[PDB]
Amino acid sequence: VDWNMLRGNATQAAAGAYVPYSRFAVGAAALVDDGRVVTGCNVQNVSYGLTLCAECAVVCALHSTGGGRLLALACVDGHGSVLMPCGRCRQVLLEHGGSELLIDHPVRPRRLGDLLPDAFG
């Protein structure tokens, strides 16, 4: 896994964030099991509860570009700092990457199964 590449593509993805309500831009990038890279950014709504996370955008991209399984994902804020997915996104990503999906972390990337142990499903 070229983490520098994934981090770069997530950082570039953060540029597209629609965040007029908090200004907290988030980008995400994932390697798919066919080698391709899909990306996404967050999209807020005036009704905060309808906001879509970057990682949710990544999973939409995954299925809109031929499906498959996610192998690795990096999520960053608009400054390029690595972020941990919210719990909603951990559940969403599990559906498409499983417990062995790697998630970027500033120290060492972690298995999703360790970030969401004994997951509902």
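When you see a residue number, it is the position in the sequence shown, counting from 1.
Return whichever of 39 to 47 and 77 to 85 has the greater mean Cα B factor according to the PDB record.
It is 77 to 85 that shows the higher mean C-alpha B-factor.
Using the B-factors recorded in the PDB entry, average over the C-alpha atoms of 105 to 113 and of 14 to 22, then report which stretch comes out higher.
Going by the record's values, the stretch with the higher mean is 105 to 113.
Considering only modelled residues of the same chain, in which third does the CA B-factor of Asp33 rank: lowest, middle or highest?
Its C-alpha B-factor belongs to the highest third of this chain's values.
In terms of the chain's CA B-factor thirds, is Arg90 lowest, middle or highest?
Its C-alpha B-factor, which the entry lists for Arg90, ranks in the lowest third among residues of this chain.
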